[PDB]
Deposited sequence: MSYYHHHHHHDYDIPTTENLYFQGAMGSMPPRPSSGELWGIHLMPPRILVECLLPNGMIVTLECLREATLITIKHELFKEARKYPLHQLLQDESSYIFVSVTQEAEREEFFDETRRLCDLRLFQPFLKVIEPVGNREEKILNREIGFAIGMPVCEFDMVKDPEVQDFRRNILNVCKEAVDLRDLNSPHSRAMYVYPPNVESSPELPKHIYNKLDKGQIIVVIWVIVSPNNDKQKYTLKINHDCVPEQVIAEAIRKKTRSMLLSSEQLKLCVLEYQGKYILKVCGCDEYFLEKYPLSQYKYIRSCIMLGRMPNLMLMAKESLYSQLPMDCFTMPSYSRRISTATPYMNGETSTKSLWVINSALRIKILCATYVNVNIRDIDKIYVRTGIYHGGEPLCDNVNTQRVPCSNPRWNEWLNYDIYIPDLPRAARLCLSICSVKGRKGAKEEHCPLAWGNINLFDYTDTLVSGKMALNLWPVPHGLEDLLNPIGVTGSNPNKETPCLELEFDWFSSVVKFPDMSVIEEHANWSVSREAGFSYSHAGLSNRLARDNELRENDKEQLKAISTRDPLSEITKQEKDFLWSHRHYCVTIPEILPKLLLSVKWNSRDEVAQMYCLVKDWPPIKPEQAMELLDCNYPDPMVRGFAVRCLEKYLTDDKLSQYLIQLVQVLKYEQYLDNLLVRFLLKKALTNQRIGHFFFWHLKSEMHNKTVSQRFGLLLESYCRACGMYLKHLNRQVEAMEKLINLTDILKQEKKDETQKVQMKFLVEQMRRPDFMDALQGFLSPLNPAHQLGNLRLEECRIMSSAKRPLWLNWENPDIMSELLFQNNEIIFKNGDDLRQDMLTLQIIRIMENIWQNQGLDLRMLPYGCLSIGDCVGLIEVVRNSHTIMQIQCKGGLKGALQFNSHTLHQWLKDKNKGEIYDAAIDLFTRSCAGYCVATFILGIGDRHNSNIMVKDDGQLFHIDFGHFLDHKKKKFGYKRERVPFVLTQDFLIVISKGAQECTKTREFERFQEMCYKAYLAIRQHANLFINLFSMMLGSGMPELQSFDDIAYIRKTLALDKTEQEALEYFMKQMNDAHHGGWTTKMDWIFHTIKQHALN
């Protein structure tokens, strides 16, 4: 076929695993997933082609927008009576002559008004990248115009006739592949499950078991007798304290061959995606030794079986009811389940506490009793759920009248419900139902790294989170682009390869034309991915890389595609001269691309990117996104702390891409230390003289107050002279993040004086440093939720809550607002010896 086979090899390249290899998968829980049940995502395509070509265009080019419509008061003061001056680079002649035009327009206007003033047949293109002003959003909402107003930059916006884009987007529609087309509450018996034997036991060995719903034990942890290692003929019908109807929906039984150190752990759902209590013999390969865990079991893991079949396999014999028993529908459960001194104040004391606050059982019973009032205060839902034992049918039934009827909570609050705890299929249903309705495309863009890692927390392959993420990826090629590259990064993990290959190929069938560009991205990456592996010492390196991009096969894949950091950055022919290799630890690729846009000179004549291959960049993105929200809740309250949360994307295993800031000058190891202690201020002064000397100092403090407290609140690592850089408008920021939660700058704030503490400018630096954590400690629930969502990300730092206790220490969440003022002051006056 010319429509089925046209796509099934492009897909095999854009995932790296042939669709044939997943056609031959014998596991019954893949074919049911891939069938038309997910292919209702074609409705997403129906959404993206509803009103052609405007709907198609808004799909293909996603606006980059700020989540804050109303411009803040200080940014409003950054404007001349709330007015921005923008240059319009009209092109009319067929030649290269450009007719520019300058306009003074109210910052609350719209691209339609810009079109009307400059002169609907035209669209505004950001001059130097394929950023397009298309939909009816205010000018100041776009990140380009908002950043222009913030930095006082001169905004550049060329005019292009719409036909130059409407006719530049060939259509590519959706063709389906060949695969297009008792009750557990009436039994009376304890949980009685047999261990047969282990096929590949490794050298009194016993199976330690237990029922878990979360990290919470659901009964006594039944064990086996101590058989000899040679012949593990267990054959034991272990009797669990858990009565079978009491088994909850997500109650994966946890095996542990234990020599009480677990030789091998493994989770197995006590249900399945069709709500069937697993029966019959089951030979499952067990997962390797727990990663940094000395627990009695390892419920911190994935359900199902191990794809690697060389691991010790244990044989099990589940319940034999001589029939099939199904978990009741939610209607039957719901039918089954069918004051101001502290009953209103203690509740608010709980709600305002972080989810990491260990709720006492004496207070868990208080939370449990006031179900009828905790429903009125929404932000307590993450804590009411933990106030319920999953040992019981009646307890969980009582909750299912609450979390199903719970009024929706704010999206950053509903993102905690998708962690390792809260593993109920309906808790995550509520979390995703809130995340769909309230989360916006740029907040989703920030939080997508979190949402990808919580696919692994839902127990079946056809989640509702999968549906949400796929539908969003089929409407913007930023959710699509970054979702695709997140999954491609997490393909190399065998644990989630089965999920993520199917998810990827579900996306590669309905993304559209972008797949080719996506392939051209992947191809362009896999040469660089190859190139780095070829590379794994500079002049030979420089000439080798020049030779390796001058070849026609290499130069073909490395030209005319889009940046994996920004598809709006239309990469053209490589600037062969300005591409080099650093003398760094992993030797990343400094790569420069000329802009095929006619007028490259406005934003940037050339596009610069760092290509790291060897270091994980999920923690780097985690730091940069925490920085982004911290800035957005500092620069929305009027505390004009200035910083740069820039682009970062890990494209595979420990391989990724970083947008170079060319404005930010050399590292301070040379820009300040010259690879004397007065170099930084002198260099900043000689590069900024006159009446402009205010901001170049004024924005330095606001660029050092917000990063001394960010490196504090999140416990970020050491700040060497090779880790910090500085712009020329006084801005500085940190670039080499990574692992965390584990004076030259002083004289600049005092404007060159060798004595700084006595100065008033140092005092204002302190008084904005304090206001920095005044609101960050007011917004701690968001940060705790975000940190908690990355526990199963595989990051070596976020393994358990014992590491998120570090941010608890740094923010001191237990103390009162007045008492927390001196908490930072102690370490702050310890760092610089007085303040």
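Going by the record, the unmodelled stretches of the deposited sequence, in order, are 1 to 134, 254 to 275, 338 to 352, 375 to 380, 437 to 446, 526 to 550, 749 to 754, 894 to 900, 968 to 985, 1079 to 1096.
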